[PDB]
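Right, one structure below, let's go through it.
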Amino acid sequence: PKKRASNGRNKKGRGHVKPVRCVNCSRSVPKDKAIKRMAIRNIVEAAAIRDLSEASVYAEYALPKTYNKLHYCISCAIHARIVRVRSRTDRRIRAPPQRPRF
Amino acid sequence: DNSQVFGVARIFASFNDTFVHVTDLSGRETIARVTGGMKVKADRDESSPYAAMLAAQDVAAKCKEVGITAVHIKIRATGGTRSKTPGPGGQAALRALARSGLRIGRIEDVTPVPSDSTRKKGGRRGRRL
Amino acid sequence: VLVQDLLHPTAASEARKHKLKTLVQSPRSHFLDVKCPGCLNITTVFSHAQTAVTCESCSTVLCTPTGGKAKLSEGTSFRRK
Amino acid sequence: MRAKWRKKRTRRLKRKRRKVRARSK
Amino acid sequence: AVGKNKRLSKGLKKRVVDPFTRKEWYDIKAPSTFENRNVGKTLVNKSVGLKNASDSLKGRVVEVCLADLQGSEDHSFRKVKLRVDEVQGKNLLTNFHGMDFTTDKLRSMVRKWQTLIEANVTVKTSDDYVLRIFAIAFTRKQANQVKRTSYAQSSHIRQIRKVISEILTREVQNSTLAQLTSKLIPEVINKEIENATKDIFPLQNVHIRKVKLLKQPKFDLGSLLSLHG
Amino acid sequence: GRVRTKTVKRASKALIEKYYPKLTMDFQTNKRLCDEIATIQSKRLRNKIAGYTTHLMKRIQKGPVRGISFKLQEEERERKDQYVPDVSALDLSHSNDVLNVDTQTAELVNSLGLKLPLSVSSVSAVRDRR
RNA sequence: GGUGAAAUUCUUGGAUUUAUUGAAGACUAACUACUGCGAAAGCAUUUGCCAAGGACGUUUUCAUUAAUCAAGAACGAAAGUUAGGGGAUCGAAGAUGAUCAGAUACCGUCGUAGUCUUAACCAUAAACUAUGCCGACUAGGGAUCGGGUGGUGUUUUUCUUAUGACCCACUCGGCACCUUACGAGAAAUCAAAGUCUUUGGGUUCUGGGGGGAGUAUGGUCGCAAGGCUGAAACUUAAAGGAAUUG
Ligand SMILES: [Mg+2]
Ligand SMILES: [Mg+2]
Ligand SMILES: [Mg+2]
Ligand SMILES: [Mg+2]
Ligand SMILES: [Mg+2]
Ligand SMILES: [Mg+2]
Ligand SMILES: [Mg+2]
Ligand SMILES: [Mg+2]
Ligand SMILES: [Mg+2]
Ligand SMILES: [Mg+2]
Ligand SMILES: [Mg+2]
Ligand SMILES: [Mg+2]
Ligand SMILES: [Mg+2]
Ligand SMILES: [Mg+2]
Ligand SMILES: [Mg+2]
Ligand SMILES: [Mg+2]
Ligand SMILES: [Mg+2]
Ligand SMILES: [Mg+2]
Ligand SMILES: [Mg+2]
Ligand SMILES: [Mg+2]
Ligand SMILES: [Mg+2]
Ligand SMILES: [Zn+2]
Ligand SMILES: [Zn+2]
């Protein structure tokens, strides 16, 4: 039975797509069906900014952020809670989960 | 400027090891090469944040006895193909450098990132833990 | 729209529809009487002229062709046919 | 079996049969 | 600790003694085009007859933040690599080697729903410095767009990059190292690129990255002293 | 834990719907009222009825609540609804005796062929980022 | 080093890191999306050559030259095969280090063939949209890509025209998407899977219960692997689809 209309892959008109490797289990998966997450974080946590700020020669220096895109395999992500099973009627809600920070 | 003696921290943190290693501005010659895994024995906690913190305290003491006063932060991950994320211990290493007297400036990340250049360990189906 | 007069629909509607799809096929392009800055010669030019039409007497680019409707020179003046 | 494996086992049996046929001829 | 086999391919006692007492410091000075000319202080093993300390010194490379040599914080993202070539004794003098962005700004400028433009050029300077210069640009959302994306057609990219090539070649082939650096520090090349490319496509975050040196001619001491003090 | 299950709610709602004018604020008064105007087998049940009816009295004196609809509150609805300003908001009075509109509706008015005081003023076609 | 843990393995001839450099092959990250092109496989650093193409515009030209197609052909992922050049990573076989009752499996180190190329083969994939192609009609909604139209449109600026980039409206063509059924289906669902008992627009190719079996045999292609074509005896009362409740 057709689980999804878009086949849960999102190509529809390219025949084939270059595959990219998972960051957790190193699985090769097509880039479209690769459930990607941009992890923008600081080099230090919120519990360390104080010590670095008081141990800094520059008074107004703002610590820079680390950027990287994460390409998961699907199984690791279902395991690592970043992607969640849904009820059948709620599968089709394409919009990203509504921001809790309202 | 009160003539701070500047260096770079060159913190290298894998998931299995943490490297706190200060060197001069040029980076050619190496003041302190105490390793995070050195400070522990279990060999499973080489990258544990406590080990990095203790190695970092060792580095700070070595710097203050050498004459190093300020350090630039060089956080590094494994880079290449293995991973793109900082090691779990390097963060505590940076914290320990922070709260240890030495002055800090110019924190940045120097993770070597490839332009999708080579095959990655694991095969097609990858790790099957 | 169960009842409407397809035989004589409103003129704005036919002008809106694509050509080759109106009630009777009729092209939208036209011809133009263009006057060159140089002489008083008047020359007829197609709207979407494909070649660089020039005055027979003197070599001047009256129109510069483009994808659709040809582009007239700045000095030349045009009148709808 | 998986149909894949059934096909592979049949292919190996065909290979052995062809080897026997070549030996006989 | 001591998870070791000590499979060494042997003395009773090894005299590590003092490695740092046989070491001396040396102050680094930047080319005059940088404002805060004093750089820092590097350590090195003391001189011996067989091997000159200055020999080991000439060839060193030092990374600095541009804001440290400027004083302003409008240049915290840049990264200048200088080259140790000549030493005056307890003080060493350096020549320009290269430029870079800290990775942070680099990944910051690369956002989604906008196509970046990467251009490269290889070019000889006025005197002999064979350089390679990179150029990054980002297509800008108009101040009126409802179009969520701001992608640019490949023809726009190609014309833009041809313009970039022309501008960079014109700028480099004329001027020397000192003039080139004095141009880069206010990044007026960025303004010139923006002005030229504003006719083709609206452009944003244009910068000049990774000023990479390929070849340098035979050293001239008088020029180095000219760049200093 | 005291949640006053289905039966007391239903009884109280029906009593207020039917007997609004003869219920008071005091608990014991409502207890005797519910004693006389309702057949209740056990005294504890009637006590609960009285308690939740007193709660409803306090609610209704605060303000009208949902579900319940007695005839008297329709009179409060009549008073509030029947109020009306003497001068209309629409009758070409406010905004200095000017009906401020754009050209297209002016053409509408002219095409209908009736005399209306207009004040034509075009609106900029500009659409902001919103 | 490596892991859930470890060990195989490398190391004071100083490994791992640190800096510079250089060599060799690989790939083209981030950009990169319900976005583009191609017949399909596939296609992603730059710019120069070479030819090709879709779409649009066309008061340009020929006047049925058309659609689908047994026969025959051209391409045809990856793996594989020959020979020759490469030889980094990765890595079937293997070598091993561990778990396990067993583990020549999952995990860890190495590691040939291949992985990359130049000629020649192979012609198979869940080569999937599991929807043949060409036509006409049937219902609304925005977006998106390319083209063309108009805007006294908005900024731009070279004083301003003209651009370009955008905003609005429409149109042609394309990947799709959203809601709905008024029709369809056994439904899951479909705007084609509709216009099919009120059964007929033109066309190729397949299937007739499940196994036996894509097997035997016979042809033919191929160096080989194998491909194409392709049964029956016998046996069985189900196999299977979709959804429903547990
Ligand atoms: Mg299923
Ligand atoms: Mg297509
Ligand atoms: Mg699993
Ligand atoms: Mg393995
Ligand atoms: Mg070493
Ligand atoms: Mg790229
Ligand atoms: Mg594109
Ligand atoms: Mg045929
Ligand atoms: Mg191949
Ligand atoms: Mg070979
Ligand atoms: Mg094995
Ligand atoms: Mg074994
Ligand atoms: Mg290996
Ligand atoms: Mg097939
Ligand atoms: Mg098929
Ligand atoms: Mg097909
Ligand atoms: Mg049968
Ligand atoms: Mg079968
Ligand atoms: Mg045969
Ligand atoms: Mg099936
Ligand atoms: Mg079922
Ligand atoms: Zn994974
Ligand atoms: Zn003329």
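Read-outs throughout are calculated quantities, based only on the coordinates presented, and are distinct from any laboratory measurement. Here the Cβ positions follow ideal geometry from the backbone for every residue, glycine too, while neighbour counts run over all protein chains shown.
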* Residues in the stretch E:201-219: is at least one over 14 Å from E:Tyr129 (Cβ atoms) and in a helix (DSSP H, G or I)? -> no
* Asked: Which one is farthest from the other protein chains (Cβ to nearest Cβ), of the residues in the stretch A:14-24 that are assigned to a loop (DSSP other than H, G, I, E, B) and in contact with a strand residue (DSSP E or B) (Cβ under 6 Å, 6 or more places away or on another chain)?
  -> A:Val17
* Residue check for C:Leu23: more than 14 Å from the chain's Cα centre (by Cα) and under 30 Å from C:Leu7 (Cβ atoms) -> yes
* Asked: If you check A:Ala47, A:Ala80, which single one turns out to be out of contact with any strand residue (DSSP E or B) (no Cβ under 8 Å at 6 or more places or on another chain) and away from ligand 22 (no atom under 16 Å from the Cβ)?
  -> A:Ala47
* Structure fact -> Among (1) over 30 Å from A:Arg21 (Cα atoms); (2) in contact with a strand residue (DSSP E or B) (Cβ under 7 Å, 6 or more places away or on another chain); (3) surrounded by 21 or more Cβ atoms within 10 Å (Cβ to Cβ), B:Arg103 falls short only on (3)
* Pairs under 6 Å by beta carbon, first residue facing chain E (nearest Cβ under 10 Å) and under 17 Å from B:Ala77 (Cα atoms) in the stretch A:62-83, partner in a loop (DSSP other than H, G, I, E, B) and more than 15 Å from RNA strand G (Cβ to nearest atom), six or more apart or different chains? -> A:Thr66/A:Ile43
* Asked: Under the condition of being part of a loop (DSSP other than H, G, I, E, B) and over 19 Å from the mean Cα position of the chain (by Cα), which residue from the stretch E:41-65 is farthest from the other protein chains (Cβ to nearest Cβ)?
  -> E:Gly49
* For E:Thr122, indicate whether it is hydroxyl-bearing (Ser, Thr, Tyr) and within 14 Å of chain A (Cβ to nearest Cβ). => no
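Every residue, every condition in (1) within 14 Å of chain A (Cβ to nearest Cβ); (2) of a type in the set (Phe, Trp, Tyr); (3) in contact with a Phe, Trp or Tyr (Cβ under 6 Å, 6 or more places away or on another chain), yes or no:
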position	(1), (2), (3)
B:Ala32	no, no, no
B:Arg44	no, no, no
B:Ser48	no, no, no
B:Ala51	no, no, no
B:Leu54	no, no, no
B:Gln57	yes, no, no
B:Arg76	yes, no, yes
B:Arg82	yes, no, no
B:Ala93	yes, no, no
* Considering only the stretch B:91-129, state which residues are among the basic types (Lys, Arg), over 13 Å from the mean Cα position of the chain (by Cα) and more than 10 Å from RNA strand G (Cβ to nearest atom). => B:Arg99, B:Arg103, B:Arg106
* Those residues that are closer than 13 Å to C:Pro37 by Cβ, surrounded by 11 or more Cβ atoms within 10 Å (Cβ to Cβ) and not polar (S, T, N, Q), I need them from the stretch C:53-81; list them, please. => C:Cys55, C:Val61, C:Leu62, C:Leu72, C:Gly75, C:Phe78
* Which one of the conditions (1) buried (at least 18 other Cβ atoms within 10 Å of the Cβ); (2) within 13 Å of the chain's Cα centre (by Cα); (3) within 13 Å of chain A (Cβ to nearest Cβ) does B:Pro88 fail to meet, given that it meets all the rest? -> (1)
* **Members of the stretch B:73-129 that are part of a strand (DSSP E or B) and either more than 16 Å from ligand 22 (Cβ to nearest atom) or β-branched (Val, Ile, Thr) (or both)** => B:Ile73, B:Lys74, B:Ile75, B:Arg76, B:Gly79, B:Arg103, B:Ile104, B:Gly105, B:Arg106, B:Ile107, B:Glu108, B:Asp109
* Asked: Are any of the residues in the stretch A:25-37 β-branched (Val, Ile, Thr), within 16 Å of ligand 22 (Cβ to nearest atom) and away from every other protein chain (no Cβ under 13 Å)?
  -> yes
* To do: Scan (1) assigned to a loop (DSSP other than H, G, I, E, B); (2) within 12 Å of chain B (Cβ to nearest Cβ); (3) farther than 24 Å from B:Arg127 by Cβ for the single condition A:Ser53 breaks and write down its number.
  => (1)
* Asked: Among the residues of the stretch B:44-64, is there at least one that is out of contact with any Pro (no Cβ under 8 Å at 6 or more places or on another chain) and either farther than 25 Å from B:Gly7 by Cβ or within 16 Å of ligand 7 (Cβ to nearest atom) (or both)?
  -> yes
* Out of all the residues in the stretch A:53-94, which are touching a helix residue (DSSP H, G or I) at 6+ places or on another chain (Cβ under 7 Å) and either surrounded by fewer than 17 Cβ atoms within 10 Å (Cβ to Cβ) or hydroxyl-bearing (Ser, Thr, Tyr) (or both)? -> A:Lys65, A:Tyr67, A:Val83
* Would you be able to tell me the number of residues in the stretch E:125-149 that are within 14 Å of another protein chain (Cβ to nearest Cβ) and within 7 Å of RNA strand G (Cβ to nearest atom)? => 7
* **Total residues in the stretch B:3-58, condition over 10 Å from the mean Cα position of the chain (by Cα) and either assigned to a strand (DSSP E or B) or farther than 20 Å from B:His72 by Cα (or both)** => 22
* Confirm whether B:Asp58 is of a type outside the set (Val, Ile, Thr), crowded, with 17+ Cβ neighbours inside 10 Å and over 24 Å from A:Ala39 (Cβ atoms). => yes
* Structure fact -> Across the stretch F:1-31, the tally of residues that are among the aliphatic types (A, V, I, L, M), loosely packed, with under 13 Cβ neighbours inside 10 Å and part of a helix (DSSP H, G or I) stands at 1
* Going by the structure shown, is E:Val172 surrounded by 13 or more Cβ atoms within 10 Å (Cβ to Cβ), of a type outside the set (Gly, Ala, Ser) and in a strand (DSSP E or B)? -> no
* To do: Please work out if E:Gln114 is within 14 Å of chain F (Cβ to nearest Cβ), over 19 Å from E:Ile189 (Cα atoms), of a type outside the set (D, E, K, R) and within 8 Å of RNA strand G (Cβ to nearest atom).
  => no
* Within the stretch A:34-52, can you find the residues that are farther than 19 Å from B:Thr85 by Cβ and buried (at least 17 other Cβ atoms within 10 Å of the Cβ)? -> A:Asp51, A:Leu52
